[PDB]
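Engineer: Dropping the structure in here first, questions after.
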Amino acid sequence: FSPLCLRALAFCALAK
Amino acid sequence: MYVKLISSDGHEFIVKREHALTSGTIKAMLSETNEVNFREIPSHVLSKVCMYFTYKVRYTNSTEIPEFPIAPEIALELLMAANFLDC
Amino acid sequence: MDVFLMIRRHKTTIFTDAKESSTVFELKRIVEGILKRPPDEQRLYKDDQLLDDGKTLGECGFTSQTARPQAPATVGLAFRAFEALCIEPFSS
């Protein structure tokens with residue numbers, strides 16, 4: 001397991 | 001060994017080359033010299049990007065992975081930086 | 001155990017890590033390799049407190065709970081003329 005890319009993390013910070 | 005990443009407001013961030021290569025854009029730009037200017041990314045964003053590099057390398061092929069904190073008010077700028085940097 | 005740091009002077013910020021049991025002097029040796037000033041021409045700070053060369057980073061207060069990859073601790077840096085400690089803030 002590796003961290004998600006920063007593009008996806010920034011999206012999740014607003015989407016979830 | 002190290003590269004220097006320069007933000008739009010002139011802050012210089014000195015980061016291990018191996019960590020900076022988390023960014024596909026930095027890797028391609030370095031393909032030699034060790035300085036890259038980011039004239040559209042301000043230092044409060046680029047500093048957070050550099051923290052991501054450190055965190056990405058430290059926790060690849062990890063056990064539970066701690067949260068990467070992203071305040072809602074910078075998420076869009078961070079996303080646009082990560083779009084440009086491909087990380 | 002690794003601690004994760006930002007060493008900051010003026011508009012320079014070095015992202016680096018070290019072991020909690022390494023010493024302040026060994027951290028100055030890292031700064032020398034990057035910025036080409038020897039350890040005796042450096043002062044390192046936690047907030048406004050000078051750090052003694054013989055102390056470990058853990059004894060200075062840099063631990064794995066306060067100095068994490070996603071939230072590194074800040075170490076101030078001043079060079080011998082010593083200049084005042086001066087760290088320019090990031091933008092808003």
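Naming works like this for the structure tokens: A, B, ... for the chains as they're shown, residue 1 at the start of each chain, ligands 1 onward in shown order.
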Using only C-alpha atoms, which protein or nucleic acid residues come within 10 Å of residue 6 of chain B? Drop anything in the same chain fewer than 4 positions from it, and give the result as a PyMOL selection string.

Structural biologist: (chain B and resi 10-14+35-39+41-43+46) or (chain C and resi 11-12)

Engineer: Would you mind exporting the chosen residues as a compact mmCIF listing (two decimals), in the first residue's frame, restricted to N, CA and C atoms?

Structural biologist:
```txt
# COMPACT_ATOMS: atom_id res chain seq x y z
N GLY B 10 9.52 33.77 -4.82
CA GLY B 10 10.95 33.77 -4.63
C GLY B 10 11.49 32.95 -3.46
N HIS B 11 10.66 32.17 -2.78
CA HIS B 11 11.17 31.24 -1.78
C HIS B 11 11.88 30.08 -2.45
N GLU B 12 13.01 29.67 -1.90
CA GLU B 12 13.79 28.56 -2.44
C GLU B 12 13.65 27.35 -1.53
N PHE B 13 13.19 26.25 -2.10
CA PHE B 13 12.98 25.00 -1.38
C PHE B 13 14.02 24.00 -1.86
N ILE B 14 14.86 23.54 -0.94
CA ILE B 14 15.93 22.62 -1.28
C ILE B 14 15.53 21.23 -0.78
N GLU B 35 18.05 23.37 -10.61
CA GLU B 35 17.20 24.47 -10.17
C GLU B 35 15.98 24.52 -11.08
N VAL B 36 14.78 24.59 -10.50
CA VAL B 36 13.56 24.73 -11.28
C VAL B 36 12.74 25.87 -10.70
N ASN B 37 12.26 26.76 -11.56
CA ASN B 37 11.38 27.86 -11.18
C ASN B 37 9.93 27.47 -11.40
N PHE B 38 9.07 27.81 -10.44
CA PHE B 38 7.63 27.61 -10.57
C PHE B 38 6.96 28.97 -10.41
N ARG B 39 6.94 29.75 -11.50
CA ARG B 39 6.46 31.12 -11.44
C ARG B 39 4.95 31.23 -11.23
N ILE B 41 3.33 29.02 -8.87
CA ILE B 41 3.01 28.33 -7.63
C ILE B 41 3.59 29.14 -6.47
N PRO B 42 2.76 29.70 -5.59
CA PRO B 42 3.28 30.46 -4.45
C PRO B 42 3.80 29.55 -3.34
N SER B 43 4.58 30.16 -2.44
CA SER B 43 5.31 29.37 -1.44
C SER B 43 4.38 28.65 -0.45
N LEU B 46 3.75 25.51 -2.58
CA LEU B 46 4.93 24.70 -2.89
C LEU B 46 5.50 24.04 -1.63
N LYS C 11 14.76 33.39 2.91
CA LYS C 11 13.88 32.77 1.94
C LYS C 11 14.41 31.42 1.46
N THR C 12 15.22 30.75 2.28
CA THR C 12 15.70 29.40 2.02
C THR C 12 15.02 28.43 2.97
```

Engineer: Once you count only C-alpha atoms, which residues of chain A turn out to be within 7 Å of chain B? Could you give them as a CSV table (one decimal) with N, CA and C atoms, in the first residue's frame?

Structural biologist:
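Listed below is the output, result.csv:
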```
chain,number,residue,atom,x,y,z
A,1,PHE,N,0.8,-1.2,0.0
A,1,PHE,CA,0.0,0.0,0.0
A,1,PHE,C,0.9,1.3,0.0
A,2,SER,N,0.6,2.2,-0.9
A,2,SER,CA,1.2,3.5,-1.0
A,2,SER,C,0.2,4.6,-0.9
A,3,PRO,N,0.6,5.8,-0.6
A,3,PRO,CA,-0.3,6.9,-0.5
A,3,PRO,C,-0.9,7.2,-1.9
A,5,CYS,N,-2.0,9.6,-5.0
A,5,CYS,CA,-1.3,10.8,-5.5
A,5,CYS,C,-2.0,12.1,-5.0
A,6,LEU,N,-1.2,13.2,-5.1
A,6,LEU,CA,-1.7,14.4,-4.5
A,6,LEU,C,-2.9,15.0,-5.3
A,7,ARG,N,-3.0,14.7,-6.6
A,7,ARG,CA,-4.2,15.1,-7.3
A,7,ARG,C,-5.5,14.5,-6.7
A,10,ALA,N,-6.1,16.0,-3.0
A,10,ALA,CA,-6.7,17.3,-3.0
A,10,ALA,C,-8.2,17.3,-3.5
A,11,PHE,N,-8.5,16.4,-4.4
A,11,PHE,CA,-9.9,16.2,-4.8
A,11,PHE,C,-10.8,15.7,-3.6
A,13,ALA,N,-10.2,16.1,-0.5
A,13,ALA,CA,-10.4,17.1,0.6
A,13,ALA,C,-11.6,18.0,0.4
A,14,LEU,N,-12.1,18.1,-0.9
A,14,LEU,CA,-13.3,18.8,-1.1
A,14,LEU,C,-14.5,17.9,-1.4
```

Engineer: Report as a PyMOL selection string the set of chain C residues whose atoms approach chain B to within 7 Å, with distances computed over only C-alpha atoms.

Structural biologist: chain C and resi 11-15+69-71+90-92

Engineer: Here is a test: counting only C-alpha atoms, which residue of C:82, C:68, C:54, C:77 is nearest to residue 32 of chain C?

Structural biologist: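 Closest candidate: C:77.
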
Engineer: Hey, can you check how far atom CA of residue 4 of chain C sits from atom CA of residue 64 of chain C?

Structural biologist: 7.8 Å
